[PDB]
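Residue numbers (the deposited numbering), protein chains in the order written: chain N, 2 to 525; chain H, 2 to 525; chain A, 77 to 151. Step one of this worksheet: look at the structure below.
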Amino acid sequence: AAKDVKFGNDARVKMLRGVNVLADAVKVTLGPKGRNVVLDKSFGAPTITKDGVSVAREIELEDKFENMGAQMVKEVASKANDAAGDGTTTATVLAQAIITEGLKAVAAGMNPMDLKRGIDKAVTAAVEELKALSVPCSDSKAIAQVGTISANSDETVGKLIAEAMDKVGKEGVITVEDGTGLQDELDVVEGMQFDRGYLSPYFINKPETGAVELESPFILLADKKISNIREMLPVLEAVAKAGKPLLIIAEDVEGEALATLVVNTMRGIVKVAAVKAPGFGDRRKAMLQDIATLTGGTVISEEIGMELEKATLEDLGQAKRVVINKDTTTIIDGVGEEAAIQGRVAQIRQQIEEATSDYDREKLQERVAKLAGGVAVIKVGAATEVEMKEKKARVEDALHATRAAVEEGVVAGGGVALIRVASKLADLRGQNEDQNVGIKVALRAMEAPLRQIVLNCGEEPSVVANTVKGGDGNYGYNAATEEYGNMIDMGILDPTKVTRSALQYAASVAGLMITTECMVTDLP
Amino acid sequence: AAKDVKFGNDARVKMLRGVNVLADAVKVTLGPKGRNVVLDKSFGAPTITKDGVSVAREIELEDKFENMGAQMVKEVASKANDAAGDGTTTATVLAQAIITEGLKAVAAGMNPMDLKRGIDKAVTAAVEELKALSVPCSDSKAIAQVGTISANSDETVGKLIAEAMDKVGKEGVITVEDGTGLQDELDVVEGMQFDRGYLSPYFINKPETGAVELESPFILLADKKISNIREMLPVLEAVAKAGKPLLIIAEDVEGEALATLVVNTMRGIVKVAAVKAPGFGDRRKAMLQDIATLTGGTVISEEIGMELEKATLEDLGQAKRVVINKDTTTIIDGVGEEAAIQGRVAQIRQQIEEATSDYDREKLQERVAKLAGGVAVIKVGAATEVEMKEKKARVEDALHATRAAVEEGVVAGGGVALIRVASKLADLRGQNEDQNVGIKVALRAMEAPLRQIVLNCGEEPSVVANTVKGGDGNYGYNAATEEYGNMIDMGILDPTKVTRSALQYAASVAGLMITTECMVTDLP
Amino acid sequence: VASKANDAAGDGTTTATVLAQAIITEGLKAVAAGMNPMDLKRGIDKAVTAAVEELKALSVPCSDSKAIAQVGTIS
Ligand SMILES: [Mg+2]
Numbered sequence: 002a003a004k005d006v007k008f009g010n011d012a013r014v015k016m017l018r019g020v021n022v023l024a025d026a027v028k029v030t031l032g033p034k035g036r037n038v039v040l041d042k043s044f045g046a047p048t049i050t051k052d053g054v055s056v057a058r059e060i061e062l063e064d065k066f067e068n069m070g071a072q073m074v075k076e077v078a079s080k081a082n083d084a085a086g087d088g089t090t091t092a093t094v095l096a097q098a099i100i101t102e103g104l105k106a107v108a109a110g111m112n113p114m115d116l117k118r119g120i121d122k123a124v125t126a127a128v129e130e131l132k133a134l135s136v137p138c139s140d141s142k143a144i145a146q147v148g149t150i151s152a153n154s155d156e157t158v159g160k161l162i163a164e165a166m167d168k169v170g171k172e173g174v175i176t177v178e179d180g181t182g183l184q185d186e187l188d189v190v191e192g193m194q195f196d197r198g199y200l201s202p203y204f205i206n207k208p209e210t211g212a213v214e215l216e217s218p219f220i221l222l223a224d225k226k227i228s229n230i231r232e233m234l235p236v237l238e239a240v241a242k243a244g245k246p247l248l249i250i251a252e253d254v255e256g257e258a259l260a261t262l263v264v265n266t267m268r269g270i271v272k273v274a275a276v277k278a279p280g281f282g283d284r285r286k287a288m289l290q291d292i293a294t295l296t297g298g299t300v301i302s303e304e305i306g307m308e309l310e311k312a313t314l315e316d317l318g319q320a321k322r323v324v325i326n327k328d329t330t331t332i333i334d335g336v337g338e339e340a341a342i343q344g345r346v347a348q349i350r351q352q353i354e355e356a357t358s359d360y361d362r363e364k365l366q367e368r369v370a371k372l373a374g375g376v377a378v379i380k381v382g383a384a385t386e387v388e389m390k391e392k393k394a395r396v397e398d399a400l401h402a403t404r405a406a407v408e409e410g411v412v413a414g415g416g417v418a419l420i421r422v423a424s425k426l427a428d429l430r431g432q433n434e435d436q437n438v439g440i441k442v443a444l445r446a447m448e449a450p451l452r453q454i455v456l457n458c459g460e461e462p463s464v465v466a467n468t469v470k471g472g473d474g475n476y477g478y479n480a481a482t483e484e485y486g487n488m489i490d491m492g493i494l495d496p497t498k499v500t501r502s503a504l505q506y507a508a509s510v511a512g513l514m515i516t517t518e519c520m521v522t523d524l525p
Numbered sequence: 002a003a004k005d006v007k008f009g010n011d012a013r014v015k016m017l018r019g020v021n022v023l024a025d026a027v028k029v030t031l032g033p034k035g036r037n038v039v040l041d042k043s044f045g046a047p048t049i050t051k052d053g054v055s056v057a058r059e060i061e062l063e064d065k066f067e068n069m070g071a072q073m074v075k076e077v078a079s080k081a082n083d084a085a086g087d088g089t090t091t092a093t094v095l096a097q098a099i100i101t102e103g104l105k106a107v108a109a110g111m112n113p114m115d116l117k118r119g120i121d122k123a124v125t126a127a128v129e130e131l132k133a134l135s136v137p138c139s140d141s142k143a144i145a146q147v148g149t150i151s152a153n154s155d156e157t158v159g160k161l162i163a164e165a166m167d168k169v170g171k172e173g174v175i176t177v178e179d180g181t182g183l184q185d186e187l188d189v190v191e192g193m194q195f196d197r198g199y200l201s202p203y204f205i206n207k208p209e210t211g212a213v214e215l216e217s218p219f220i221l222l223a224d225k226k227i228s229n230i231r232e233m234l235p236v237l238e239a240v241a242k243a244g245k246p247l248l249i250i251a252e253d254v255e256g257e258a259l260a261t262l263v264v265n266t267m268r269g270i271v272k273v274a275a276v277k278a279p280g281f282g283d284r285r286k287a288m289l290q291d292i293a294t295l296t297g298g299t300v301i302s303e304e305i306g307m308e309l310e311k312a313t314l315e316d317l318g319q320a321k322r323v324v325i326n327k328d329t330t331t332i333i334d335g336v337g338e339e340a341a342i343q344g345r346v347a348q349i350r351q352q353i354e355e356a357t358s359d360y361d362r363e364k365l366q367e368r369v370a371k372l373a374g375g376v377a378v379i380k381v382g383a384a385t386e387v388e389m390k391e392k393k394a395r396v397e398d399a400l401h402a403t404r405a406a407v408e409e410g411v412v413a414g415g416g417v418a419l420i421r422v423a424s425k426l427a428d429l430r431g432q433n434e435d436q437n438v439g440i441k442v443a444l445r446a447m448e449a450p451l452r453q454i455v456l457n458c459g460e461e462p463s464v465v466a467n468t469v470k471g472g473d474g475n476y477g478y479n480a481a482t483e484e485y486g487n488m489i490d491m492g493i494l495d496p497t498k499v500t501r502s503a504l505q506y507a508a509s510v511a512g513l514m515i516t517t518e519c520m521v522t523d524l525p
Numbered sequence: 077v078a079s080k081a082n083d084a085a086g087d088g089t090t091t092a093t094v095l096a097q098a099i100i101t102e103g104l105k106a107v108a109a110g111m112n113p114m115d116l117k118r119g120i121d122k123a124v125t126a127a128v129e130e131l132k133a134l135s136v137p138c139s140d141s142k143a144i145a146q147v148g149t150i151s
């Protein structure tokens, strides 16, 4: 495939336009008072939306290059969200702010490498300032606080989160299920979650969450790399006539059997999904046996002689639910006997007596934790089905912000925190005069989100900006009600993680661009 | 798929032209004296029509964007009709009136957010004014009144509705069937209706109603999510050789078996249709058992061990009719034994003794209501088949306006009510001078329907408008006979619901547009 | 405007221009609101005849050499 190669300025100009289109489409939705974007849909009536994540998803341009620009900012802003729970749009909005101004600078004839240095410093500095502005969120009161705010003034959502964390810990695994009655429920149940994601996006059966939700499936606990689909035919035919889904946990699943299971589900007979086993090497042995115990399943080790062709349902584990996403698997309510699960705990607890390393002690402890520590489930109750799966959605939203608030605290939400940290470090210098421009570009970028919220509301940016700057701490403007005050008191907050992630991620991609000299892509 | 992105003004101009083509094509048909639109039809001679709903359905434009404009108004105006029973055209006509004038304003350089505020106030105010102008319709006399008027002076149609409501209540379910003789019939019969619609439009066998009419079918009452077509083969082969249709009510039906059943009917052997079960969770258990009892069918619960592969006709329910639409299923005349249906009633009635919540008491009451309350059927009698299915049509029209008249009353029907409420709130102000413009745009939009009716008749709009304004209450112009008078006395009325809905819906889409800054769609 | 301003006092031509672009922008927006231009004019004119009196009231004589140097300088 012959390529089209663009250099230095050309390359960058293309990139700039690319990112502007992304940002100009996505940014008009930022405030509590965003504007709508209309998103066409092949069949039927179009989609009107104020949701930046939705708009972004749709952005792809004809001019490759220009497209690359847009796609780059999209990638990184989505990672922000990935790591924090929000900021996708903010990250984009800031990404544009640096990219525009920095990229003008380079084109004016200033030094790219210095401009990046300056920005990177301004960010490093503001990140610190953010930690300072940050108000911790630690006690049950504070947990429920950010929960309720994040769930839109609903005090009962704040409660349920606070209660869950109060039961299984700030670390413990909390999931959300559909409610059976009008009543909310909180139950703790034998279960577990491990940092391993789906082997294929085509496993997703809930497109809106980018997640795999499987109803009381059997669980296959293999120990080899599943490459051939042949080993499957006995077990995949039993879990077919059992009319139930099937979760596979093994070393891996290679294309040969992966791509088959893929097309086998996406419009096909048995609907299933598979994920890699937790841990590597000597750890995975016992780490997999833990899940076995928890689900009352049998581990099919090759090192024992058993094959997958020599496996029936009686070998498969079982759990009342299981959700998989990009990079997490969590199984809910394992049928494994209490006498067994408590027995395994006693075995591992004893093994901690070894204490040959603070790595081995801490590693065996993480295993005790997952197993006997369990998974807390929230069932969201509501009156109507519409209300239900809507409330259920805000509960997941709040849980997200709360986990994040715990880790790094909360700050002024209106763009405010960024506007604040910026007016703090307004002396900042570098060595190059070029690095100064770098710091300033970055600093002035930090006003973008507030300025934009205000603008979307149809108020003057400069004027609200100026008066937010005129204050201190978390004093800001609440665009929804047009009153200045303490943003946190007024219930307009962002978890510290998210404001930071957003900024850092916007800064990364901007630096990357400011330092790009070549761009390679296919011919039109 | 690379998109084409348009901003601010561009986006809006495109949208405007889109909407104008829709409205200019659809509005010429509004009065009692509409003009014809000719609608081409691939094979055979074209269609000449004065029916705005028919014209609208056909409108789709080449220019995407322009198209999105048109599709947007179409969507919202159809919802008007969805919730009220009429106004599809009116909604469109008004939608154009706001969109034109509001959108010029924004382009002149006035504030969108304020223009929306202004419109939205003007509407809020007029809706109130409408409630004031409104005349109740409550007693049997008034029911039969709006019925007869809505059915074109036919006093017997007004009677039959009044009688039906008089038998099963103002809420009770009333359906219409083809008549067997020359005589009208009204019978009450064991049956039920629940708020759940077809899983696929390709189930529709009466294209003109957008509805599914199935003649004395078997009813399958599953309890699981039907995903695989395999569970079906025994039951779907029995109801094939029985030469009868089949209704499925279960948790859901997933593509795998849905898309198959779809192609299986749309030009295929067994003609069937399926809908989700009423309610969710603990409610659906008994809620589904109710339909079982009513149809004398057996519920196939997975929680008992029975599968669909283990099911014969003896398990399927039966009803003499069943109609499904967008979002309603109603079954007519269930074969379930009287000793059984009355028995179940006794069970539920007793269960109301619990009274642990005003939610549980009221929820068990809604169940008693559906079951022992029944469905009233009107059989439309006529001399000829043409007359028959024509009278049958007006009976359904009338029933629509009457259900609506009961809920919210009636008002002057020639546009008149709108013209009236507008000249009332002709002082209304906002804070922004821009908000004023908003109010005025909206107010003057409210004259659109009358002005248009008059125009279509070939009379002067301004002159008729002015003299309708000059009066009070329900004084208006009757374009059919060209006399002024009391519109209600003269038998030209709209249910209050429909005039309101029309207005609100037109106002929603207009504001949406006045606040659209970006438009994303596929490349030409 | 810019040209007449200049024949009149040989200064302020940009100001003048700026003011005109401003009256016009705003005025046209009001014509688009459906106001009667001839009245928009009368209002503008009334506003101005008034503004001119106001100015003659704020004016203080410039007669010392320091003040003269100040207008020169600013110019
Ligand atoms: Mg000068």
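Note that the Cβ used here is the ideal one computed from N, Cα and C, for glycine as well.
Can you check whether the C-beta of residue i is within less than 8 Å of a C-beta belonging to chain N?
i                      : result
residue 2 of chain H   : yes
residue 8 of chain H   : yes
residue 55 of chain H  : no
residue 505 of chain H : no
With respect to 7 Å, is the separation between the Cβ of residue i and the closest non-hydrogen atom of ligand 1 below this value?
i                      : result
residue 64 of chain H  : no
residue 135 of chain N : no
residue 87 of chain A  : yes
residue 79 of chain A  : no
residue 509 of chain N : no
residue 463 of chain N : no
residue 151 of chain A : yes
To the nearest angstrom, how far is the alpha carbon of residue i from that of residue j?
i                      : j                      : result
residue 94 of chain A  : residue 453 of chain N : 28 Å
residue 125 of chain N : residue 511 of chain N : 15 Å
residue 479 of chain N : residue 64 of chain H  : 40 Å
residue 105 of chain N : residue 288 of chain N : 53 Å
residue 31 of chain N  : residue 357 of chain N : 53 Å
residue 348 of chain N : residue 286 of chain N : 15 Å
residue 407 of chain H : residue 266 of chain N : 50 Å
Check whether the Cβ atoms of residue i and residue j sit closer than 8 Å, and answer yes or no.
i                      : j                      : result
residue 53 of chain N  : residue 18 of chain N  : no
residue 136 of chain H : residue 200 of chain H : no
residue 131 of chain H : residue 497 of chain H : yes
residue 420 of chain H : residue 448 of chain H : yes
Could you tell me whether the Cβ of residue i comes closer than 8 Å to any Cβ of chain H?
i                      : result
residue 133 of chain A : no
residue 105 of chain A : yes
Beta strand (DSSP E) segments (min. 3 residues) lying fully within the stretch 169 to 238 of chain H:
174 to 179, 186 to 190, 192 to 195, 212 to 216 and 219 to 223
Inside the stretch 338 to 420 of chain N only - beta strand (DSSP E) runs reaching at least 3 residues
376 to 381 and 411 to 413
Which ranges would you report for the beta strand (DSSP E) in the stretch 461 to 518 of chain N if only whole runs of at least 3 residues count?
476 to 479, 484 to 487 and 494 to 496
Completely contained beta strand (DSSP E) runs for the stretch 34 to 118 of chain N, where each covers 3 or more residues
37 to 40 and 48 to 50
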